[PDB]
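Those letters in the sequence shown? Residues 4 to 125, 127 to 261, per PDB author numbering, in order.
Cβ coordinates follow ideal geometry from the N, Cα and C atoms, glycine included.
Contents: one structure, followed by commentary.
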Amino acid sequence: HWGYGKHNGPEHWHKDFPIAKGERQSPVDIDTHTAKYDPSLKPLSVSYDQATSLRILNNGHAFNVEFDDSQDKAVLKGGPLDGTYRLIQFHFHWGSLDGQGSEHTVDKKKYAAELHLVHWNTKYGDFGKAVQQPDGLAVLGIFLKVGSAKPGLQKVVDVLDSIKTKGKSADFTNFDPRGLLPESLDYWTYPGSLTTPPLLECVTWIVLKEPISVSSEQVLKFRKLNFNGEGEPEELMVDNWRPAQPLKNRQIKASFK
Ligand SMILES: NS(=O)(=O)c1cc(C(=O)CSc2nc3cc(Br)ccc3[nH]2)ccc1Cl
Ligand SMILES: [Zn+2]
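What follows is the structure in structure tokens.
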């Protein structure tokens, strides 16, 4: 029964998930002036040519586009990472209004939404084991601003009306996640956590500096989803973001400038 409301939202999560007040919680504000340029960071390697999407699911918090991660297909490596991480799913966080929705912020700026491409470290064999490790996951975070449409998003937007409510899913094959990436792979990176319960401190965050553009009509369609299940009172799925958490004893590193 965690969620995003007054009575079960982010300020409550610590009662069931006490690491909410831990030492490497996400998201955070990225202060671009105090991010350190790290000339030892490598270009990010994103190899999505063989990605195999399976399904899209409304899980009552967001929607997940899920991939077959049983072979070495869609992998993230390089950047700040030490080995190979396999794509398992992406999802977004977004707001009720274009002025909020991202979880990370950039000099306190909130974007309209934020995409998370979740990958697990192949040295741990699967996602469930990888989340128990401090280097288990790598999440590629991409900001969304409202402007032009993102054509490579439209296939996702079009299916949403089939998964309006919690627990619905739809076949979702042949979706190419390369169509959601901006031109540049310049990034910031820091050690953090899941931004949703159970808030495990297992993620290397890689947040792209360049946002993607989506249209107002595309994000409106995200806002028509529902947190409730079918046959329950309608609670629009909006504002499903955790606010920025204290940076504590961490440094955010930049791959550029
Ligand atoms: N928001 S996020 O930090 O990118 C993130 C979100 C998710 C979600 O699917 C959000 S809802 C959710 N995440 C879970 C993870 C575990 Br373990 C167990 C139950 C969960 N339910 C899974 C992984 C990551 Cl890394
Ligand atoms: Zn997320």
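Inset, instruction - When you get a sec, list the residues whose CB is within less than 6 Å of any heavy atom of ligand 2, chain order please. - result: Selection output, chain order preserved: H94, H96, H119, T199.
Inset, instruction - Figure out for me which residue from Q28, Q255, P83, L157 has the closest Cα to the Cα of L118. - result: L157
Inset, instruction - For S217, name the three-state secondary structure that DSSP assigns. - result: strand
Inset, instruction - Would you mind stating whether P186 and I167 have Cβ atoms separated by less than 8 Å? - result: no
Legend entry - Terminal residues of the alpha helix (DSSP H) in which residue 276 lies: Beyond the ends of the chain as shown, which are 4 and 261, falls residue 276; an answer cannot be given.
Inset, instruction - Answer yes or no: the CB of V143 versus the heavy atoms of ligand 1, is any distance below 7 Å? - result: A distance criterion of 7 Å places the beta-carbon of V143 in contact range of ligand 1, judged by its closest non-hydrogen atom.
Inset, instruction - Measure the alpha-carbon distance for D110 versus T37 and round it to whole angstroms. - result: 10 Å
Legend entry - Inside the stretch 42-100 only - beta strand (DSSP E) runs reaching at least 3 residues: 47-50, 56-61, 66-70, 78-81, 87-97
Legend entry - Close-in-space but distant-in-sequence residues of the same chain around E214 (CB under 6 Å, 5 per side omitted): Closer than 6 Å at Cβ, skipping near neighbours: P186, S188.
Inset, instruction - Return yes when the Cβ of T125 is within less than 8 Å of the Cβ of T87, no when it is not. - result: yes
Inset, instruction - Quick one: residues in its chain with C-beta nearer than 8 Å to the C-beta of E26, no 5 flanking neighbours on either side, listed in chain order? - result: Here the set comprises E205, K252, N253.
Legend entry - Simplified DSSP state of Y194, which is helix, strand or coil: strand
Legend entry - Which listed residue (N62, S152, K149, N232) has its alpha carbon closest to that of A174: Across the set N62, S152, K149, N232, the C-alpha of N62 shows the shortest separation from the C-alpha of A174.
Inset, instruction - Report whether the distance from the Cβ of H107 to the nearest heavy atom of ligand 1 is below 7 Å. - result: no
Inset, instruction - Just tell me which of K154, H107, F176 has its CA closest to the CA of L144. - result: From the listed residues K154, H107, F176, the smallest Cα separation to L144 is found for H107.
Legend entry - Nearest to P155 (by Cα), restricted to the options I146, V211, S197, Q222: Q222
Inset, instruction - Measuring alpha carbon to alpha carbon, tell me which of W97, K18, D130 ends up nearest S220. - result: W97
Inset, instruction - Flag this pair as yes or no: are the beta carbons of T200 and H64 separated by less than 8 Å? - result: yes
Inset, instruction - Use the C-beta contact count for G235: other C-beta atoms within 10 angstroms, 16 or more gives buried, fewer gives exposed. - result: exposed
Legend entry - Contacting residues, own chain, Cβ-Cβ under 7 Å from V161 (five flanking each side not counted): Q222, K225
Legend entry - Any non-hydrogen atom of ligand 1 closer than 7 Å to residue 268 Cβ: Only positions 4 to 261 of the chain appear in the structure, and residue 268 is not among them; the question remains open.
Legend entry - Extent of the continuous alpha helix (DSSP H) run through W16: 16-19
Legend entry - Distance CB(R89)-CB(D101) smaller than 8 Å: no
Inset, instruction - Could you name the residues that DSSP lists as bridge partners for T108? - result: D32
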